[PDB]
file upload15.txt (compact mmCIF, C-alpha atoms)
# COMPACT_ATOMS: atom_id res chain seq x y z
CA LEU A 1 55.02 27.52 -80.07
CA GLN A 2 55.53 25.06 -77.20
CA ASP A 3 58.28 22.97 -78.80
CA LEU A 4 59.54 25.44 -81.44
CA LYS A 5 59.41 22.70 -84.09
CA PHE A 6 57.40 22.44 -87.29
CA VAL A 7 54.85 19.69 -87.95
CA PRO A 8 52.50 19.95 -90.96
CA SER A 9 48.84 19.75 -90.00
CA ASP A 10 48.54 16.78 -92.38
CA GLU A 11 50.88 14.73 -90.20
CA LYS A 12 48.78 15.59 -87.13
CA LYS A 13 45.61 14.54 -88.96
CA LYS A 14 47.31 11.20 -89.56
CA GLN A 15 48.05 11.15 -85.83
CA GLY A 16 44.35 11.90 -85.28
CA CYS A 17 44.82 14.67 -82.73
CA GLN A 18 41.71 16.19 -81.15
CA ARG A 19 41.28 19.90 -81.87
CA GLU A 20 40.38 21.91 -78.75
CA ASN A 21 38.55 25.24 -78.72
CA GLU A 22 41.04 26.53 -76.13
CA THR A 23 44.71 25.60 -75.89
CA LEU A 24 47.54 26.34 -73.47
CA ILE A 25 51.24 26.91 -74.11
CA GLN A 26 53.94 26.34 -71.48
CA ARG A 27 57.10 28.19 -72.51
CA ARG A 28 60.15 28.07 -70.24
CA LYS A 29 61.97 31.41 -70.26
CA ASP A 30 64.99 32.36 -68.19
CA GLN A 31 64.35 35.45 -66.08
CA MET A 32 66.64 38.48 -66.24
CA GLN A 33 67.61 38.99 -62.60
CA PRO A 34 70.37 40.88 -60.77
CA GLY A 35 73.53 38.99 -59.94
CA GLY A 36 73.31 36.65 -62.95
CA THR A 37 70.88 34.20 -61.35
CA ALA A 38 68.50 32.51 -63.80
CA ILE A 39 65.17 30.90 -62.92
CA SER A 40 63.43 28.88 -65.64
CA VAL A 41 59.98 30.42 -65.33
CA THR A 42 57.22 28.56 -67.19
CA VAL A 43 54.74 31.29 -68.13
CA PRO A 44 51.53 29.83 -69.63
CA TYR A 45 50.10 31.28 -72.83
CA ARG A 46 46.52 31.04 -74.09
CA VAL A 47 45.63 30.27 -77.72
CA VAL A 48 42.13 30.91 -79.10
CA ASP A 49 41.07 29.55 -82.49
CA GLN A 50 37.83 31.57 -82.63
CA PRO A 51 38.38 35.15 -81.38
CA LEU A 52 34.76 36.33 -81.57
CA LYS A 53 33.78 34.56 -78.33
CA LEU A 54 35.96 36.71 -76.07
CA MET A 55 34.92 39.37 -73.58
CA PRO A 56 36.18 42.96 -73.94
CA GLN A 57 38.74 42.55 -71.14
CA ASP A 58 39.93 39.37 -72.86
CA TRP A 59 40.15 41.33 -76.11
CA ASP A 60 42.35 43.83 -74.29
CA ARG A 61 44.47 40.95 -73.00
CA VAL A 62 45.15 39.86 -76.60
CA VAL A 63 48.69 40.65 -77.74
CA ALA A 64 49.34 38.61 -80.92
CA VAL A 65 47.40 37.23 -83.89
CA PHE A 66 48.64 35.40 -86.99
CA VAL A 67 47.25 36.63 -90.31
CA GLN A 68 46.63 33.94 -92.95
CA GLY A 69 46.03 36.43 -95.74
CA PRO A 70 42.47 37.48 -96.65
CA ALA A 71 40.91 40.23 -94.55
CA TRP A 72 37.48 38.62 -94.14
CA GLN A 73 38.78 36.75 -91.08
CA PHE A 74 39.37 39.99 -89.15
CA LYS A 75 36.02 41.62 -89.94
CA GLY A 76 33.84 41.35 -86.86
CA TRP D 1 27.91 38.85 -104.17
CA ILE D 2 25.22 36.85 -102.37
CA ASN D 3 22.02 38.92 -102.31
CA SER D 4 23.27 42.33 -101.07
CA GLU D 5 26.17 40.84 -99.10
CA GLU D 6 29.80 40.91 -100.22
CA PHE D 7 32.25 38.02 -99.93
CA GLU D 8 36.00 38.15 -100.52
CA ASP D 9 36.25 34.52 -101.69
CA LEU D 10 34.63 31.10 -101.40
CA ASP D 11 36.05 30.38 -97.94
CA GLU D 12 34.24 33.46 -96.62
CA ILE D 13 30.99 32.29 -98.23
CA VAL D 14 31.16 28.78 -96.77
CA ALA D 15 32.46 29.89 -93.35
CA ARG D 16 29.97 32.74 -92.83
CA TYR D 17 26.95 32.34 -95.13
CA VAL D 18 26.53 28.56 -94.80
CA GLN D 19 28.21 27.56 -91.53
CA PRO D 20 25.99 29.76 -89.30
CA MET D 21 22.97 28.72 -91.37
CA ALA D 22 23.98 25.06 -91.03
CA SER D 23 24.39 25.59 -87.29
CA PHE D 24 21.00 27.31 -87.13
CA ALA D 25 19.43 24.51 -89.17
CA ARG D 26 21.13 21.92 -86.95
CA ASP D 27 19.71 23.65 -83.86
CA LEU D 28 16.17 23.31 -85.24
CA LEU D 29 16.74 19.63 -86.02
CA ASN D 30 18.08 18.99 -82.51
CA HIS D 31 15.04 20.71 -80.98
CA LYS D 32 12.73 18.48 -78.95
CA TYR D 33 9.63 19.38 -80.99
CA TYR D 34 11.33 18.69 -84.33
CA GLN D 35 9.75 16.03 -86.54
CA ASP D 36 10.34 14.70 -90.06
CA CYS D 37 7.10 14.83 -92.06
CA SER D 38 8.34 13.00 -95.16
CA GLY D 39 10.52 15.98 -96.05
CA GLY D 40 7.99 18.61 -94.99
CA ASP D 41 4.63 17.35 -96.23
CA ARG D 42 1.79 19.68 -95.26
CA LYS D 43 -0.71 16.81 -95.10
CA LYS D 44 1.47 14.80 -92.72
CA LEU D 45 1.95 17.83 -90.46
CA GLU D 46 -1.79 18.52 -90.48
CA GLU D 47 -2.58 14.92 -89.56
CA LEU D 48 0.01 14.82 -86.77
CA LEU D 49 -1.20 18.14 -85.34
CA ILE D 50 -4.82 16.96 -85.45
CA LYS D 51 -3.89 13.68 -83.76
CA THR D 52 -1.93 15.48 -81.04
CA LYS D 53 -4.80 17.90 -80.45
CA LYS D 54 -7.20 14.96 -80.18
CA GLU D 55 -4.93 13.32 -77.60
CA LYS D 56 -4.71 16.55 -75.55
CA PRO D 57 -7.54 18.90 -76.59
CA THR D 58 -6.71 21.33 -73.77
CA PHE D 59 -3.12 21.84 -74.96
CA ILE D 60 -2.13 23.62 -78.17
CA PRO D 61 0.12 21.27 -80.19
CA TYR D 62 2.79 22.94 -82.32
CA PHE D 63 5.53 21.24 -84.34
CA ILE D 64 8.55 22.32 -86.39
CA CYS D 65 9.66 20.43 -89.50
CA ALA D 66 11.98 21.02 -92.43
CA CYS D 67 10.36 21.97 -95.75
CA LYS D 68 11.58 20.27 -98.92
CA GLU D 69 9.57 22.55 -101.22
CA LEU D 70 11.40 25.65 -99.93
CA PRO D 71 14.92 24.71 -98.77
CA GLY D 72 16.24 27.00 -96.07
CA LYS D 73 12.74 27.44 -94.61
CA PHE D 74 11.14 25.43 -91.80
CA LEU D 75 7.43 24.64 -91.57
CA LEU D 76 6.04 25.65 -88.16
CA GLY D 77 2.52 24.31 -87.61
CA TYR D 78 0.17 24.91 -84.69
CA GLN D 79 -3.44 23.97 -83.93
CA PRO D 80 -4.92 26.28 -81.27
CA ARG D 81 -8.60 25.29 -81.54
CA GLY D 82 -9.56 24.00 -84.99
CA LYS D 83 -7.72 23.62 -88.28
CA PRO D 84 -3.93 23.74 -87.75
CA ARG D 85 -2.19 26.84 -89.09
CA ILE D 86 1.14 26.76 -90.94
CA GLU D 87 3.87 29.40 -91.25
CA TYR D 88 7.42 29.65 -92.59
CA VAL D 89 10.65 30.24 -90.66
CA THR D 90 13.61 31.17 -92.85
CA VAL D 91 17.17 30.32 -91.79
CA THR D 92 19.54 33.27 -92.26
CA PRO D 93 23.18 33.84 -91.26
CA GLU D 94 21.93 36.24 -88.57
CA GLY D 95 19.57 33.64 -87.08
CA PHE D 96 15.90 32.83 -87.65
CA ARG D 97 13.40 35.17 -89.31
CA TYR D 98 9.72 34.73 -88.43
CA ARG D 99 6.90 37.24 -88.94
CA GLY D 100 9.42 39.97 -89.70
CA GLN D 101 11.47 39.36 -86.55
CA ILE D 102 15.01 37.99 -86.30
CA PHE D 103 15.94 35.79 -83.32
CA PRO D 104 19.56 34.56 -83.02
CA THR D 105 18.44 31.86 -80.55
CA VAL D 106 15.75 29.25 -81.20
CA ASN D 107 14.52 29.49 -77.60
CA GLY D 108 13.73 33.19 -78.00
CA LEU D 109 11.81 32.54 -81.22
CA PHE D 110 9.66 29.86 -79.58
CA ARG D 111 8.86 32.10 -76.61
CA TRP D 112 7.73 34.89 -78.94
CA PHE D 113 5.64 32.47 -81.00
CA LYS D 114 3.90 31.05 -77.92
CA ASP D 115 3.13 34.52 -76.54
CA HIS D 116 2.05 35.97 -79.92
CA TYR D 117 0.48 33.05 -81.81
CA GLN D 118 -2.88 34.88 -81.70
CA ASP D 119 -1.58 37.93 -83.57
CA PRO D 120 -2.66 38.36 -87.21
CA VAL D 121 -0.36 36.85 -89.83
CA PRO D 122 1.77 39.62 -91.42
CA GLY D 123 1.01 40.20 -95.09
CA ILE D 124 -2.56 38.87 -94.84
call {"tool": "encode", "arguments": {"input": "upload15.txt", "output": "structure tokens"}}
result
Amino acid sequence: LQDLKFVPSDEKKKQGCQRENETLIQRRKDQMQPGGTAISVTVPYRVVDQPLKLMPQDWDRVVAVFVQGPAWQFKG
Amino acid sequence: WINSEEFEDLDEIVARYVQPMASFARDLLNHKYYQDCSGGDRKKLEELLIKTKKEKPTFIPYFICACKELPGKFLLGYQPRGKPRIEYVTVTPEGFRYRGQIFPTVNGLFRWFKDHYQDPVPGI
């Protein structure tokens, strides 16, 4: 999501990256503004691997979730 | 089907029936009072409890150890005054079950046990 490029998780395991419970995404988006001016705003995004440990307001703040198939992930 | 529970596939079983139980079992092992009595020998637990009581007669020594005879159950022994008593704590995906009560947290279970160790043993 940050770099918009694909890397198989196997390659990252070779790289030995450290999985974090919480992750941040810094996407630079140009802002629609009057007069044609563009400002490269870097809006952070929050990624949660385990969604159970979120408060109700945080659950409201959720806007997107990737489904891997089976429904047992969602139950709860 | 595991007992009365339903599971969509093996990943659900491992990630929900075992992983919480493994975490719950790990919590008991990491507890300060945990000890390894040769895989859960009753005689070793009795001897250790008696020795601890002898060292500090005023205090009530209680210990928690894993039971090899009944995997998934932990042997909780305590010696209030005389012969140490032994009970079973079963590890379940919902937490720990002891005397017909389920406690998600180990700390809560210990507090209940300390405050209710004098109650009669259920089923006897």
call {"tool": "interface_residues", "arguments": {"input": "upload15.txt", "of": "chain A", "to": "chain D", "cutoff": "9 Å", "atoms": "all atoms listed in the file", "output": "list in words"}}
result
residues 70, 71, 72 and 73 of chain A
call {"tool": "atom_distance", "arguments": {"input": "upload15.txt", "atom1": "CA of residue 21 (chain D)", "atom2": "CA of residue 20 (chain A)"}}
result
22.6 Å
call {"tool": "residues_around", "arguments": {"input": "upload15.txt", "residues": "residue 52 (chain A)", "least_positions_apart": "6", "cutoff": "12 Å", "atoms": "all atoms listed in the file", "output": "compact mmCIF listing (two decimals) with C-alpha atoms, keeping the file's coordinate frame"}}
result
# COMPACT_ATOMS: atom_id res chain seq x y z
CA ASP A 58 39.93 39.37 -72.86
CA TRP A 59 40.15 41.33 -76.11
CA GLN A 73 38.78 36.75 -91.08
CA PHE A 74 39.37 39.99 -89.15
CA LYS A 75 36.02 41.62 -89.94
CA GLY A 76 33.84 41.35 -86.86
call {"tool": "closest_residue", "arguments": {"input": "upload15.txt", "among": "D:97, D:51, D:56, D:44", "to": "residue 73 (chain D)", "atoms": "only C-alpha atoms"}}
result
D:97
call {"tool": "residues_near_point", "arguments": {"input": "upload15.txt", "point": "(9.5, 27.0, -87.2)", "cutoff": "6 Å", "atoms": "only C-alpha atoms", "output": "PyMOL selection string"}}
result
chain D and resi 64+74-76+89
